[PDB]
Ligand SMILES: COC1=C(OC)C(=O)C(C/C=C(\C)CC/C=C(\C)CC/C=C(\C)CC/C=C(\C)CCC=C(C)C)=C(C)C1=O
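Okay, here we've got a single chain as structure tokens, the form solved without this ligand, with questions on binding and movement later.
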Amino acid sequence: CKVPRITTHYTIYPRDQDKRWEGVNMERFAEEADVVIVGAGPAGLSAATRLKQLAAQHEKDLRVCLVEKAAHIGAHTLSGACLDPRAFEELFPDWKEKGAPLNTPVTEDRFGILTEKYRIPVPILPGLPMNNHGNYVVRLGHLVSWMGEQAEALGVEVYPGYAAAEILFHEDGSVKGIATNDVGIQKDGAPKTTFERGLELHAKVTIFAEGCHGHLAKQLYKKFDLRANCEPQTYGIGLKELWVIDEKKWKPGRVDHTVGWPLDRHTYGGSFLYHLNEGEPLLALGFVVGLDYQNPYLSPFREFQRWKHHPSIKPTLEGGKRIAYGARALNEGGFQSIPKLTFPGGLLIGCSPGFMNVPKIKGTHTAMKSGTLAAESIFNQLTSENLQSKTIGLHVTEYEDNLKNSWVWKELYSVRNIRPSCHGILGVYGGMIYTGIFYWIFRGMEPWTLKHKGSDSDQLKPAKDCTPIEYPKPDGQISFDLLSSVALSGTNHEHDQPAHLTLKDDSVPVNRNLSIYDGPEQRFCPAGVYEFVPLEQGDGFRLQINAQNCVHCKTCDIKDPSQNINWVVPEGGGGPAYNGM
């Protein structure tokens, strides 16, 4: 075999055009519901939950199906988790007696600027966006688990292990619903004796809650020109691990943040370190890097691992034990990047569209609120008559009206010029100055709205123009390698199936990427999926994709300079097995 025809997924090579599928029967069974939700995350659950609450209250019949990639609810949830109860309490005011895991109220807020050798404390005032009074630090994965339970209790039909891989359209052109991934296909594309076609879930309205950079929404944006009046979404990559530390250095309810070292003024990013108070002396810590970074030699992961060695942070994990690892991409575009949320037959909610309060690093509370509103507005239209036709799929335009008048809108508006102010000659340090001027003093009142530099993908410089970064070697106690890390994420997929990291053209990673940027996919991926392998013999290399290690963070679909990669879902159930991350 060859070069090696790295891509074989049906989305790029339709099996309706390859002979090997000549006699297979593609007939799918189908299920009818009123509302189908895609993604069992905080938003998707909020929507599902609220819809069944409304149904019960006015006692009417509502079938609500919720699909999820994860083997089980919460398995794919990754966050640091500092929660603003606002939307959650709205949905579950009775939460304290029903068991929800909000057990760590924030007690101390800290923030510092790091240099190679020192930590410079920054005062945090009562107006600023890094305040956390009345907020809780949680284990998002557990909370989501808890929510799924309530949902199930309310009568929501949850289907974990089922990934939506196809968008179903009606003949008029509106969304009819989705189809779950098929199963039983070999790495090469050929159907296995165990081939089975996925499920078809038809609804009047489909909710898309795929989170940050969902793959369905990605094609949804094109189909209905949803990004027509906004700037492209900009992202960051968040790396995280869980630690068990010395009870002596545990300070429950403390929330830490930092900026600076090991990053250079022009690379947006920082850490977060949260002391849980759920029983064990447990720490939730991480690092974020803005995927708008310029140097091809930069590695988010090596930066993270390198960060824990700062003399202000190392002592705290000194003699501790790391028990988990994971990564997820997050939104940073904020206000300027919110697209049109509705189209005939479906809605967008949560971080798929993007309601992230970047400076606060909070996107859970808004995510939930959007789910609440979505649910209310959809109930409002199935409970009425007044037909909007020639779109067999409803267009719940009222969802967007209501979202714009909620606190969500004004919250994101108020912090819209913070991230953008980081593109000055002072990089993020200038952004800090902006926060003290225009926000602490004017609470974001300024009569203008700054713009983003554009897509994160064209922000990379050619390798020959940059200097490579010399990262330390992991000591195996504070900093670890990539493979032990992937191991601690619990991620796994059936090996015999086409790689879900699809390529539009199998030649650009070697001709363009390795050539010009020196293969950045080998470093921006936090799970070592892409590697450039020497060729059997002659010269050059070949790209080897170890799809089995993918932790579904979506960073590659975002950062690839050649926008040649398109993340798609692998058989349902595959992926990380996160527990309380």
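Start at 1 with the first residue shown and count on from there.
The following text describes the form deposited with this ligand bound, which does not appear among the structures shown.
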So, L387 and this ligand: in the deposited complex, are they within 4.5 Å at any heavy atom pair?
no
Would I441 show up as a contact with this ligand in the deposited complex if we use heavy atoms at 4.5 Å?
yes
Can you check whether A153 is within 4.5 Å of this ligand in the deposited complex, heavy atom basis?
no
Using a 4.5 Å heavy atom cut-off, state whether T206 contacts this ligand in the deposited complex.
no
Can you pick the one in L341, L242, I361, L412 that has a heavy atom within 4.5 Å of this ligand in the deposited complex?
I361
Within 4.5 Å of this ligand in the deposited complex, heavy atoms considered, which of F111, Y297, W95, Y471?
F111
Where, among 402-410, 463-471, 122-130, 375-383, do residues come within 4.5 Å of this ligand in the deposited complex by heavy atom distance?
122-130
